[PDB]
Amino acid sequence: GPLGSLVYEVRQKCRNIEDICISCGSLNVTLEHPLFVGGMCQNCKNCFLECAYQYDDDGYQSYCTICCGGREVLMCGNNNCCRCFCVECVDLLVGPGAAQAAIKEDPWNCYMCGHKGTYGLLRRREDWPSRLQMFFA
């Protein structure tokens, strides 16, 4: 849909990922996504605010970090994080099949936890902890 279309243009270098919202694909970018390079709309900021650090009874976060939803999810294997990333976002934003490869490794350090910081189009902001404190106004 909307997101999937714009992400293709980013791949074709016809769009800057900063100009799209990476949670819903709206072109109505209000702000810079706090964790990853890319835009965000105000609707997704609200979701992100409501969704943050909610937990399920298994001990991981209820919602995917990127889309505030998620069907199948990857779960981060360290106690300071416990973030989830769904299969669709991983396939969309790292690239097709990256999710399948990630399920094939123990333990799984997530995109906020890995030391690399760049995984396909998924780009961790170097100053994310600070942007994150500001984000929670």
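Note that residue numbering begins at 1 and tracks the sequence as displayed.
- Across the other entries compared, none leave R83 without coordinates where the residues on each side are present, so it is far from a third.
- Among other deposited entries of this protein with both flanking residues present, none omit coordinates for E72; it is modelled throughout, well short of a third.
- Set 108 to 116 against 83 to 91 and average the Cα temperature factors; 108 to 116 ends up higher.
- Highest C-alpha temperature factor among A102, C67, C41, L49, as the PDB entry reports it: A102.
- Sort the modelled residues of the chain by CA B factor and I22 lands in the lowest third.
- Ranked by C-alpha B-factor against the other modelled residues of its chain, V37 falls in the middle third.
- Looking at the C-alpha B-factors along this chain, the one for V29 belongs to the highest third.
- When the modelled residues of the chain are ordered by C-alpha B-factor, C76 sits in the highest third.
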